[PDB]
């Protein structure tokens, strides 16, 4: 299930190019499911994420390092979304009521495109019980 909710949604052929590494995680790090090529985040990298969600910004200063790489926060619904970017590619963290969707991308996949996707599911699960 999670591995379809990810490999059939979180990693589709928009326009003509898949994403890079999707992953759905709990508000605690518990890795519900994730792409084969998703990066070993860190229970903390995650805790920070949660930190900013309650109080926007706080992450942004130091940036978001996770899956190893650091990202430059950008713009997102304070308490609901968070976007990060590193050159061509970047990341997005859709926060559900119990989980957090996540997408990683690199050229030629526009940040826009990523959004569309991570944010897509997020809507769903939210209004479905999570």
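Residue numbers count along the first chain shown, from 1.
Per-stretch averaging of Cα B factors for 78-86 and 62-70 places 62-70 on top.
As recorded in the PDB entry, 49-57 is the stretch of 93-101 and 49-57 with the greater mean C-alpha temperature factor. In this PDB entry, residue 29 carries a Cα temperature factor that places it within the middle third of its chain's modelled residues.
Sort the modelled residues of the chain by CA B factor and residue 109 lands in the middle third. When the modelled residues of the chain are ordered by their C-alpha B factor, residue 12 lands in the middle third.
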